[PDB]
Amino acid sequence: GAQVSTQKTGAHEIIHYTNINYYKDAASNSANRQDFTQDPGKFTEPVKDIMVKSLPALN
Amino acid sequence: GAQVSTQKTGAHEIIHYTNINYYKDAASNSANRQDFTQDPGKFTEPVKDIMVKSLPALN
Amino acid sequence: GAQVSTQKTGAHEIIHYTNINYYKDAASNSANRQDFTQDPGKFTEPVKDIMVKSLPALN
Amino acid sequence: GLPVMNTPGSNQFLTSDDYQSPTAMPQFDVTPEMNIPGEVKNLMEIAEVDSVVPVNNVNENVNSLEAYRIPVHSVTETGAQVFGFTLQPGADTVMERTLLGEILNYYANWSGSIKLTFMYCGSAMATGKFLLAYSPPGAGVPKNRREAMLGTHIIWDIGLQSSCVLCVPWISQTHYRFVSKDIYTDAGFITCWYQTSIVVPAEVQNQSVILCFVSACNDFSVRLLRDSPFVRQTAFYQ
Amino acid sequence: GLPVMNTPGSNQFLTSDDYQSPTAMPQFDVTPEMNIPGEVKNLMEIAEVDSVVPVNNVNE
Amino acid sequence: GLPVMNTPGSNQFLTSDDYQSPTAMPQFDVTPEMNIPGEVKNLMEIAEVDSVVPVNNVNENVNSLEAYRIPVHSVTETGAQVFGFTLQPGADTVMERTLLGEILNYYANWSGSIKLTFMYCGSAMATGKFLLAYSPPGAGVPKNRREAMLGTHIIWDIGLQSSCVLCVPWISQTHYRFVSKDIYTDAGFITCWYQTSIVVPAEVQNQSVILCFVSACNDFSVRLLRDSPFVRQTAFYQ
Amino acid sequence: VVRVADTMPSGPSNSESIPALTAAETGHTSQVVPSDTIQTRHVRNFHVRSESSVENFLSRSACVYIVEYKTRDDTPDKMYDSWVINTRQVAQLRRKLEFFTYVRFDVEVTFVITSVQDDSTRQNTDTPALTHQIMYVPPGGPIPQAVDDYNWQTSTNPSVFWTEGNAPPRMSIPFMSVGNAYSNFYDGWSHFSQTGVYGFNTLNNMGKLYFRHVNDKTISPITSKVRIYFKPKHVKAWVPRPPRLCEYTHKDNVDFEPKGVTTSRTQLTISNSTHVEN
Amino acid sequence: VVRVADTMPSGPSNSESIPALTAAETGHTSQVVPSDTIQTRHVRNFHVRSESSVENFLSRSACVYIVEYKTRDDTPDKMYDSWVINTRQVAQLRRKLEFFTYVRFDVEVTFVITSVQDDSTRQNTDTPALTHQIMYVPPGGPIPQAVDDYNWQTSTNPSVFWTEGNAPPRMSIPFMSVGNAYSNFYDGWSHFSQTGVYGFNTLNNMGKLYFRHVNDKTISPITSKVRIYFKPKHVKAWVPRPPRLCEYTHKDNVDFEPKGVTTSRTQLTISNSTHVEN
Amino acid sequence: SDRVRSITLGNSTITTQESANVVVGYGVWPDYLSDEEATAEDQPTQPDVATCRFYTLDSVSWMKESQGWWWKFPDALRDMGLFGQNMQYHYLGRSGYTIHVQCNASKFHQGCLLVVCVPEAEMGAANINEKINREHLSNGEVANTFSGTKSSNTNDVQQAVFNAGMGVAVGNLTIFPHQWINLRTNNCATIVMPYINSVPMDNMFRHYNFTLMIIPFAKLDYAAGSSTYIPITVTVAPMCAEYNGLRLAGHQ
Amino acid sequence: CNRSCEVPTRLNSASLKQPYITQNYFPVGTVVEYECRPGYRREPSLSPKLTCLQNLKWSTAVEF
Ligand SMILES: CCCCCCCCCCCCC/C=C/[C@H](O)[C@H](N)CO
Ligand SMILES: CCCCCCCCCCCCC/C=C/[C@H](O)[C@H](N)CO
């Protein structure tokens, strides 16, 4: 019951690693250091009546 | 997620080894001591108007 | 990339073992203690005009 | 009995590990997760938010709200100036303790463009134009308005839209600069110039105030986790 | 972290072993093998050859 | 609990290992790789490049550019000679500190053919022929021109192509020779002979200079990594 | 792999499109791409916002505390130690966690135990290997009062034994909280009448650790110190928050000395340097 | 497997094809196969240019340095040590790396730690196992100033603990550079006005290591020495370069005493030996 | 015949009739920086043929006992027309180079020259633990001169020919792109260097890219009555130059 | 009582000359000179001198 992922590697010049979970509890697992998603739309642009950025957005 | 290669062996008289990557970073992997390619055409023969080696290559 | 052989066992009364090579060099492997072939025809009978062993082989 | 060879680095404790450990409270029932609004997944979602820059930090205004107030008034001669600082968001004293600069002091490399926003907080009858300029390094600081208009500038006309954006692009030879000071990764200068003047009618206050913001663009990145040079502890807090 | 129990006979050195070891000269280029005549694979190929018996070993 | 037996050679540190280790800076973002021209993948791409041989190393010309200048002039009697050395690219004093010899001193075995190139740097009115000869070992050094023409020689006529190539083949009984000196892997001798003379017109300088090059062929190989006998350190450099 | 956004090429412009003129009065950060004000080129950018994520920012083996106790003392109270668990006596991990208002994570816990032979006349001994016990007491349980107490018999409480010379002790701990997340900041009181204790001290309630030598009383004093290293992992965080300016004073409140905004300057403009000469 | 090239058979020749006559004036190395000047035979050659590759040449556990520090000194400065990281204080690995002008690699780092009991009157002790800390400080971070400094609490800085008797410490380190490759040689200045510092010292900027005993002050002095072993791996190299002739003098420049080209001889020709007799 | 070559750049043209083979680079031809290896964000200045053209440096005189000359080439082209002007207004710049070295004599002359382009030729100081002045490393378009014996001028480069300033064997400098001007048969000293660095663009003043060296291994030698004055002329062109980060005028 | 170096490096083919072989107290910047032992002969490509450095250790001396 192993799972194979990709290793963090450089760009401009897909290596895989293997993983087995040994313990019965999920707090035991190694940390998830490979989630790179983001969504900065709730802190920046946190308004109503969404602006266009080319219009004056006033008057 | 293992990979099987050939071992360095003698000539005139294809043994395999197995490899598993354990860590999440590619700097952790064992060194690549089995790349035997070369191209000495940028240091030797580093000229324009490529010569023939049987002609005098002058006049 | 494992290989399964037979164990050395007694006669008149086919057990298998498993083997994995871990290192990249062939000098690292365990010794080949299971080759039982022979050919004593170059030390004994090392002659020309091969004899019959029932003829006198002379005159 | 399995043949095992221990390799170097056994029985050490490295701080940045990613191993597995046994649980001291096995089969523990963790409480259900709730949708709390405002989740942060990346610290770069925070650094792209505007925060006011304490530009007027001249030797006493630090201990007041006057650090954030940039003076502007009517000048008897144009060709002038307003302010200027050095583009070092975490080394320069101006934008050191800012939101971007304090995220940026836990790191050691940075890359990407930087925004600057200038809200003119004066009267609605007042008007005037400014020269917001960035100068890439290699020469000195410009000393005229005509030396600063050779750089990356924008002329800002004050009107019904009371704020403008100076976008400082990424003009470098390396992919990264240091968040601390070295001479190899100098980054340039930011100056603002009285271009014309402040023109007000009668019975309107001449002396008004500019507020400066700073944030990061959508190509900003930080690289080397270090400890911040601003935390200091002598004994345990009890 | 894998759960491992060491069994008796660990960290000993037995003379007739068949284990694996690391190479001190890695990726070494061994010279090509040559066909030398007269190969011995078994010591019983030697014992089947006639050799003269010192029968008259009487005291001098 | 898995049954494991530790084998001998555990908890040692061998210098030439190929194991895996944990990273102290996990998930580190390495900068993008750039196409820099002139990549070396094998050190034998370097050894096949010509480099000048300090042949005239006679007891004072070492501390000058005269080590590389081989004298040649007009001789009052033919049947003569020009120079000679011993074919030991890393043991012989002549081609010791050369490019091929310094790549070759980090090793302990070598194999393959060796090139020698002779650029005649004299006048364009001068002319003459030489005897470039290699002598495999077993006899002594040849003492005549007629003993040296029994070897592997080429007669070089100086003309509009001002350089020639003496190719020293691989005549051995073993596949490898030692880059240091033992008597079991002796390799032969390289001599050059005034064959005829140097013939010049009037008001042209008689005494000219040969330059000698050395490189390796496309079947050259080195085998045993050792440390070079030329590095020497007494204390740390600070 | 989620790369950063790229730079697109642009040219001259003369139109009624004004991206620079914005309104910062509407709580709104402008999103000016650098290709909107200057003429740019095509940059294919290969950078990753990898090591700035909240996991990669918080999942380092930080600390919490140092603990001292002896193996031969005349007073029976310095022969063992204890620690009420918070994360607020060391300022680095406290400031890093107080970037956010709510957090939720599992903890990986490591101990680093070092023993020093104290000073006495009979200092030349032959001491066997010291063995340590670290017992965790959940909130409300019974507390030890000596080293030979029978409350150390750890029948239900989780305890860890360690022998001198091995790898350090490490164990993982799940999300041990009664709310949906941990609270870095609590703006309220303990009693419903708005009296009592104010702040985050109402919500700590983690229990405490107890430390002793498993061995009997030695013939010479040895002091042992164990350092509790906290390391968070599997992290989520909510409603971010400005970094703290002032220095911490205590572990149970947010009280501070008023510090100025930043470092000072001598004048409001920049110029070239006026030091020594050409 | 890429074997070396083979030798082809040939015969007599009398033609206008002249492979020996070349022009070395055109920057060009001639490629004369040995089957072009002499008559050869068919040699099927089975040799491999394996152990001359740049990986097989550089990936050996070389070194960089020796470090000394004590556990009981009256001066508080010799109780710990430090080292600014370069690769240029030992000449063997420096010369080997300076075969090339640019390099790019990962580093595998091993420490070899040995402790010697110093000389004192009270030399008969019973000392438990020493424990060491090796902390790495990235370029710009805060530096310790004592052994009991609170800057050693390694909350963000990577540090390694080691106990006497185990396997040596070893950890891998990625390509930690701000340019596209490392620089063995830099022909320039630090300041734009062509003043300042000259050479490769502008581009080192690696941070530094700090070394101490984790234990408290012992009753007798013990000096520990740790040897930093650098070992490169995953290697690429660009624009090769001649081997250095002269001896190194310092670690921050390329300054040298002028050495002659090679070893001398007594005459320009060879002959048979003139020693003793038949 | 292949002894003849024309080289055309901008509004400048070099014709040679005793070329041997035009030597050109590491195999790589110079080209503009791609936008997949680029770092700076604003639009580059590919100026015109106004920089991509030949400039002639000063002439050095080759005597019987001359030892060798050297230049530093991003710095040697610092007053050479609009090229140098772009150096003074931009922070980052980048170019390959076509170096063509000329020298001529008669057929009664003899002597041989080595013309090497050495990347990152970091020179060593004459007295060991002491600073070097910039005027001793690069003197603009004016050559610095090696010596035969060791030198001990203060704040100066160690200038012996048999160590080439750097501390190596001078017969090992044929590992770099080079030619020989044998006066018997040559004049064809091209080296078309590409851009070689460890960063995609670099500063022209703070960094020296490479070093041209002209070292006579077989010295100049002639009979009495021939022309005793033999000059050596070095002509250099930038190729595919581009500039980035425009600001005020720079460091003279 | 200034800072001093140790005894210079004992080479197995060279001995010190005779102002230097007896006297102790080598300050910094001190050059000492070796002579060929009997029976040896000089290698001309090496200079038989040793300077003591700032860290009170001599320069590298191998085989003169
Ligand atoms: C026998 C070994 C058991 C070790 C027990 C030690 C730790 C157990 C307590 C759980 C740790 C909780 C981590 C900190 C909680 C929150 O982050 C703080 N309240 C900050 O808001
Ligand atoms: C806590 C253990 C961390 C150990 C840290 C030690 C090494 C970290 C620094 C990186 C080593 C870089 C290797 C040398 C760099 C280049 O090759 C040199 N500049 C030569 O050009």
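Regarding how it was determined, this PDB entry cites cryo-EM in its header, along with a resolution of 3.0 Å.

The PDB entry lists chain J under the name Complement decay-accelerating factor, from Homo sapiens. Listed as the entry title in the PDB record is "Cryo-EM structure of Echovirus 6 complexed with its attachment receptor CD55 at PH 7.4".

Per the PDB entry, chain E goes by Capsid protein VP3 and derives from Echovirus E6.

Student: Would you take a moment to explain the pattern of salt bridges for this structure?
Tutor: If the charged atoms of two oppositely charged side chains come close together, the side chains can form a pair. Tallying each qualifying case throughout the model produces 55 salt bridges over all chains. In this structure, the salt-bridge partner of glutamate 48 of chain D is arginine 49 of chain G, at a minimum N-O distance of 2.8 Å. Taken as a pair, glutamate 48 of chain D in the loop between helix 1 (44-47) and strand 3 (51-52) and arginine 49 of chain G in the segment before helix 1 (54-58) lie in two separate chains rather than in one. Each of the two residues, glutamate 48 of chain D as well as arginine 49 of chain G, counts as buried. A salt bridge links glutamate 39 of chain E to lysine 41 of chain E; the shortest N-O distance between them is 3.1 Å. Bridged by salt links that share partners, the residues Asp17 of chain D together with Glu108, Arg170, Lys231 and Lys233 of chain G form one connected network.

Student: Before we go on, may I ask you to explain the site of ligand 2 in this structure?
Tutor: Residues and elements named next belong to chain H. Near ligand 2 there are 15 residues, and of these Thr87, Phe105, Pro158, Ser183 and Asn184 occur at the shortest range. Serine 183 is positioned such that a nitrogen or oxygen atom in its backbone is 3.2 Å from an oxygen atom of ligand 2. Residue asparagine 184 places a side-chain N or O atom 3.3 Å away from an oxygen atom belonging to ligand 2. In the complex, 96% of the free accessible area of ligand 2, which totals 600 Å², lies under the protein chains. Of all the secondary-structure elements, those providing two or more residues to the shell around ligand 2 are strand 3 (100-117), strand 4 (131-137), strand 6 (170-173) and strand 7 (182-183). Considering only residue class, the shell around ligand 2 consists of twelve nonpolar, three polar and no charged.

Student: What exactly am I supposed to notice about empty space enclosed by the protein here?
Tutor: Taken as a whole, the largest cavity encloses approximately 270 Å³ of empty space. Along the walls of the largest cavity sit 22 residues, with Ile113, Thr114 and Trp162 of chain G together with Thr131 and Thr163 of chain H positioned nearest its centre. Elements represented by at least two residues in the lining of the largest cavity include exactly strand 3 (100-117) of chain G together with strand 5 (159-163) of chain H. Taken together, the residues of the lining of the largest cavity sort by class into eleven nonpolar, ten polar and one charged.

Student: When you look at the interface of chain G and chain D in this model, what are you seeing that I'm missing?
Tutor: Residue-level contacts link 89 residues of chain G with 93 residues of chain D. Together, the buried faces of chain G and chain D total about 8100 Å²; carbon and sulfur atoms form 58% of this surface. Ranking the residues of chain G by area buried against chain D places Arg49, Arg265 and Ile270 of chain G at the top, with a combined share of 9%. Run the count over chain G and chain D and you get four salt bridges. The interface formed by chain G and chain D holds 37 residue pairs in polar contact in total. Mapped by element, the contributors of at least two residues to the side of chain G that touches chain D are helix 1, strand 1 (65-70), helix 2 (91-97), strand 3, strand 6 (170-173) and strand 9 (222-240) of chain G.

Student: Please explain the interface of chain F and chain B as it appears in this structure.
Tutor: Interfaces are often sized by the accessible area lost when the parts come together. Each partner contributes to the interface: chain F provides 22 residues, whereas chain B provides 23 residues. Carbon and sulfur atoms supply 45% of the area buried between chain F and chain B, which totals about 1700 Å² over both sides. Between the two partners, chain F and chain B, sit zero salt bridges. Elements represented by at least two residues in the side of chain F that touches chain B include exactly strand 2 (39-40) and helix 1 (44-47) of chain F.

Student: Any chance you could explain the site of ligand 1 here in plain terms?
Tutor: Residues and elements named next belong to chain G. Residues in close proximity to ligand 1 total 15 residues, the closest being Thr87, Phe105, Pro158, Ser183 and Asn184. Take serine 183: an N or O atom from its main chain is 3.2 Å from an oxygen atom of ligand 1. Within the side chain of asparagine 184, a nitrogen or oxygen atom sits 3.3 Å from an oxygen atom of ligand 1. Those elements giving two or more residues to the shell around ligand 1 turn out to be strand 3, strand 4 (131-137), strand 6 and strand 7 (182-183).

What counts and what doesn't
- Residues numbered from 1 in each chain as written, not as in the entry; some residues may be left out.
- Chains lettered and ligands numbered in written order.
- Part of a larger assembly, values for the part shown.
- Heavy atoms only, no water.
- Salt bridge = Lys/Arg side-chain N within 4 Å of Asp/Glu carboxyl O.
- Helix = DSSP H or I, 4+ residues; strand = E, 2+ residues; numbered from the N terminus.
- Buried < 20%, exposed > 50% of the residue type's maximum accessible area, 1.4 Å probe, protein only.
- Near = heavy atom within 4 Å.
- Polar contact = N/O pair within 3.5 Å; in protein donor to acceptor, adjacent residues only side chain to side chain.
- Areas by Shrake-Rupley, 256 points an atom, 1.4 Å probe, with all protein chains shown as cover.
- Nonpolar A, V, L, I, M, F, W, Y, C, P; charged D, E, K, R; others polar.
- 1 Å grid on protein atoms, 1.4 Å probe; cavity = no way out; pocket = protein on both sides within 12 Å on 5 of 7 lines; lining within 4 Å.
- Points joined across faces, edges and corners; volume = space filled by probe spheres on them.
- Contact = heavy atoms within 4.5 Å.
- Buried area = accessible area lost by both parts, 1.4 Å probe.

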